[PDB]
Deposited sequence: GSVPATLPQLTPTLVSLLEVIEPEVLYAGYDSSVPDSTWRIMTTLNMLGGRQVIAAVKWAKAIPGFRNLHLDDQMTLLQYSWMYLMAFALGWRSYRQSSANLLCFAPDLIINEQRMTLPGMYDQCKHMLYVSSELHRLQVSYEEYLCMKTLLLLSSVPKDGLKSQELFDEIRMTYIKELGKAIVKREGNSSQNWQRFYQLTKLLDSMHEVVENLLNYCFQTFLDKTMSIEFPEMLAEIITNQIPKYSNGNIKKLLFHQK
């Protein structure tokens, strides 16, 4: 009867984007089209990411400029993580599960494949649950802020601190063993921190492909976000929030 009264996590559970497909089984397996498809697929997921974002309780109350900044700051974190989680669940941290119709064995993407597979195995190692994953993924949306601060900053930190407690409750709803909980919080939030370092190695490759491009097809949504962030990343206007400072 009071299972009717929804928690914040059951809410996060029902707004998770639906699976998307590369549209991919012409047939030859070339660099250009695989990269191009991944570009096109990353567009749709960023697009997904936004609808998702705009459903996260608290994300609404923040300023529109505050909403844009966070998505342009976190978009690569959300994909890196999501990919990890899927590769974790579909193939025990061993394969790179972009979509059902696109399962990439190692093979270019060395730095990428390595770093991406790390995330996945860490999820596999910790054996993260779905509620855990949901809270953790929302936290990644709130992973970085402008150094000059968000307009709705005071509000931002209120909401972010709320979603930590939720990842807390996810651990508690999982078991509540002992100091086992403490240790789990430690290891989970540590993983979130490593995300900062992983996304950087992924964000550069992405720029290098975007700029050094030679020819390669890119969607509107990514192009903008990319072109718009390069000067933000380049000038140091970003402040990476970490759990273990």
property: Gaps in the model (deposited sequence, numbered from 1); result: 1-6, 32, 115-119, 226, 259
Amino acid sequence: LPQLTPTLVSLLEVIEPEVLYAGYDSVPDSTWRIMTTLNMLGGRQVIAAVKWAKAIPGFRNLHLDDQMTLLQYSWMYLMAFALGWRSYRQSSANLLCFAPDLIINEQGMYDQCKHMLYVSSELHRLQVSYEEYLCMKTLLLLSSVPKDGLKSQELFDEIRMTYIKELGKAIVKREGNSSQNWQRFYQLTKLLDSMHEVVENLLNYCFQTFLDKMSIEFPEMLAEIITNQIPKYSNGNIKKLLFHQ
From here on, numbers count along this sequence of modelled residues.
{"query": "Given 76-84 and 165-173, the range whose Cα B-factors average higher in the PDB entry", "finding": "165-173"}
{"query": "Per the entry, higher mean C-alpha B factor between 113-121 and 126-134", "finding": "113-121"}
{"query": "Chain third (lowest, middle, highest) by recorded CA B-factor, residue given as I238", "finding": "middle"}
{"query": "Within-chain third of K54 by Cα B-factor, per the entry", "finding": "middle"}
{"query": "Third of chain Cα B-factors occupied by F207", "finding": "highest"}
{"query": "Chain-wide C-alpha B factor ranking for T36, given as lowest, middle or highest third", "finding": "highest"}
{"query": "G108 - which third its CA temperature factor falls in, relative to the rest of the chain", "finding": "highest"}
